[PDB]
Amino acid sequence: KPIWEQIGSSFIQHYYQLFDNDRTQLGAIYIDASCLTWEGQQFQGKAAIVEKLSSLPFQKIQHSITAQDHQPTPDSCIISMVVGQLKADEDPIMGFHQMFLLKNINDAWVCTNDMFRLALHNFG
């Protein structure tokens, strides 16, 4: 199993376990240069991101991964992309998509870029 796929898989498992368990602790995986785009809205840096995720108005959420793909980049980063499903509170199950970019800074793989969208569209 390639090293990048190992790091990616670990990151994905840790991110969603923690998100479902407690959003407020996800700060540790980011840094101040980190970029989040969450359903079109943008946030920069550890604090603003943690503020955003913590403020999401659901009492409980659960994620499941359908597929996760990993790649190395020319600049020795790792791309991690997810397609899965989630369930907030008692609402219907919805598909989702999420993209992570990982960079090794100070001997740890931190997320430099993060993008999230629900699998909802314009055509019924």
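Residues carry their position along the shown sequence, with the first being 1.
- Legend: mean Cα B-factor per stretch from the PDB entry, 50-58 versus 35-43; the higher mean is in 50-58.
- Stretch comparison (61-69 versus 25-33) by mean CA B-factor in the PDB entry places 25-33 on top.
- Residue 116 sits in the lowest third of its chain by CA B factor, as recorded in the PDB entry.
- Sorting the modelled residues of the chain by their CA temperature factor places residue 86 in the lowest third.
- Sort the modelled residues of the chain by CA B factor and residue 100 lands in the lowest third.
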